[PDB]
Amino acid sequence: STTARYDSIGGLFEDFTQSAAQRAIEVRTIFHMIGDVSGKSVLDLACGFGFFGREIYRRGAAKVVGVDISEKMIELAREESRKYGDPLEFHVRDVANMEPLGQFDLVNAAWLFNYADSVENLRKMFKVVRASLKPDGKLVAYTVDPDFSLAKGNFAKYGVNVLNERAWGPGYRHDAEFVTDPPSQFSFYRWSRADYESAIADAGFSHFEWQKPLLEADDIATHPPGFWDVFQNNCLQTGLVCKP
Ligand SMILES: Nc1ncnc2c1ncn2[C@@H]1O[C@H](CSCC[C@H](N)C(=O)O)[C@@H](O)[C@H]1O
Ligand SMILES: Cn1ncnc2c(=O)n(C)c(=O)nc1-2
């Protein structure tokens, strides 16, 4: 038996997704990158309780498979599929160490790569994703912006309190907590843009593109003036699409 970090977070992550200001921007940006899923087979990596895979199934995907390292999160994911009677299937795997489970039209990986604890493990994850993709498929990912700096402002008001920033091999490691009750602590890794693009190339993707989060006028209208300045000038998050 082996502990995963989210085994102690569990239901609090869903609490975070319902209150954090940044979540609506993440969801909007991710589905903008995904586009139409009708008929597609989908692999949702670091699936948590299964949000993205389940919404992708709700938008008309064919087969949807979810993978997460946390037995606790997979247990919550399976209970949601049981409650809504949907066909999602889930597996407990460490993505840096797993075998491919099939060839998919779409791999969705929201908040996977920032949990690679070395550039070596980053590279392994991308290789695994490439081995899971049909030749005309694509990877849609959401991860930490390599250029985020804690000196330029915390993200706590958007839902993620970043507690510190430490050099960690060629990148950085951050301790943090989701703004929940009580707050739920976790750690994540900020690898450089160069290491990401090298991991993508060496895994056999010919195309990648970074995607700035889709913050919109209606988001700005409904918060006090300047609320989104740190989000715009020191963004913690970024989108990423890769194609074989
Ligand atoms: N190496 C790894 N392999 C697979 N899952 C991992 C992982 N490291 C962390 N995770 C999982 O990644 C998740 C981050 S939470 C993100 C959940 C979901 N994608 C959403 O946005 O709704 C946690 O469930 C955690 O257990
Ligand atoms: C899982 N998850 N969900 C939302 N937001 C984040 C996030 O900002 N960071 C930095 C992170 O490591 N993990 C997140």
Side-chain angles (χ1 to χ4, degrees), residues 1-27 29-30 45-49 51 67-74 76 92-97 109-126 141-196 199 213 227-240:
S1 324
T2 300
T3 310
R5 183 48 159 276
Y6 274 68
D7 290 343
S8 294
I9 290 177
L12 292 177
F13 181 67
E14 178 164 14
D15 297 354
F16 153 83
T17 68
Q18 280 157 9
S19 59
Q22 72 170 58
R23 182 62 171 184
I25 317 304
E26 308 168 31
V27 173
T29 308
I30 288 180
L45 301 176
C47 61
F49 59 91
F51 177 81
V67 174
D68 201 282
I69 195 172
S70 170
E71 297 266 7
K72 171 62 179 171
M73 303 296 294
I74 289 306
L76 299 170
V92 180
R93 304 279 194 274
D94 178 1
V95 170
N97 276 43
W111 303 113
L112 168 66
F113 296 117
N114 54 296
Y115 293 109
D117 63 15
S118 71
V119 169
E120 282 307 318
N121 278 337
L122 183 64
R123 293 167 70 77
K124 284 209 284 191
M125 291 184 181
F126 276 101
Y142 216 69
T143 196
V144 169
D145 188 336
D147 299 310
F148 170 83
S149 173
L150 191 53
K152 287 188 180 182
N154 202 358
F155 244 59
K157 65 181 173 182
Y158 312 118
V160 186
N161 181 12
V162 181
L163 305 168
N164 57 38
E165 171 180 291
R166 312 269 189 82
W168 191 268
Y172 298 87
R173 182 202 156 102
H174 298 274
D175 293 331
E177 57 193 25
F178 298 119
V179 179
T180 57
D181 324 285
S184 28
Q185 302 83 8
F186 68 106
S187 305
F188 65 91
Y189 297 88
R190 181 162 57 82
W191 308 113
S192 72
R193 200 169 300 278
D195 287 336
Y196 263 93
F227 177 81
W228 295 104
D229 285 9
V230 174
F231 193 88
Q232 292 174 305
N233 306 325
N234 182 40
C235 197
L236 186 50
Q237 53 177 249
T238 186
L240 170 78

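All heavy atoms count here, side chains included; hydrogens, waters and symmetry mates do not. Index from 1, following the sequence.
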Walk me through it: do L163 and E177 pass the test side-chain contact (heavy atoms from CB on, under 4.5 Å)? CA-CA 8 Å; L163 305 168; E177 57 193 25; 4.2 Å; yes
Geometric class of the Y6/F186 ring pair [parallel <30°, tilted 30-60°, perpendicular >60°]: tilted
Is it the case that more than 12 heavy atoms not belonging to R166 sit under 6.0 Å from its CZ atom? no
Assess whether atom CD of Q185 is packed by more than 12 heavy atoms of other residues, nucleotides or ligands within 6.0 Å. yes
What closest approach, in Å, do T29 and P213 show between heavy atoms, and which atom pair accounts for it? OG1-CA, 3.5 Å
Below 4.5 Å, heavy atoms only, C-beta onward: do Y172 and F148 meet side chain to side chain? no
In chain order, what residues pass the side-chain contact (heavy atoms from CB on, under 4.5 Å) check against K72, with sequence neighbours excluded? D7, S70, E75, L76
Smallest separation among heavy atoms of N164 and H174, with atom names: O-ND1, 2.9 Å
Within 45 degrees of the axis of the six-membered ring of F51 and under 6.0 Å from its centre: does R23 put its NZ or CZ there? yes
Fit a plane to each ring of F231 and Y158, take the angle between them on a 0 to 90° scale, and name the class: parallel (under 30°), tilted (30 to 60°) or perpendicular (over 60°). perpendicular
What heavy-atom pair brings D181 and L12 nearest, and what distance separates the two atoms? O-CD2, 3.8 Å
Provide the closest heavy-atom pair for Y196 versus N114 in the form atom of the first, atom of the second, distance. OH-N, 3.9 Å
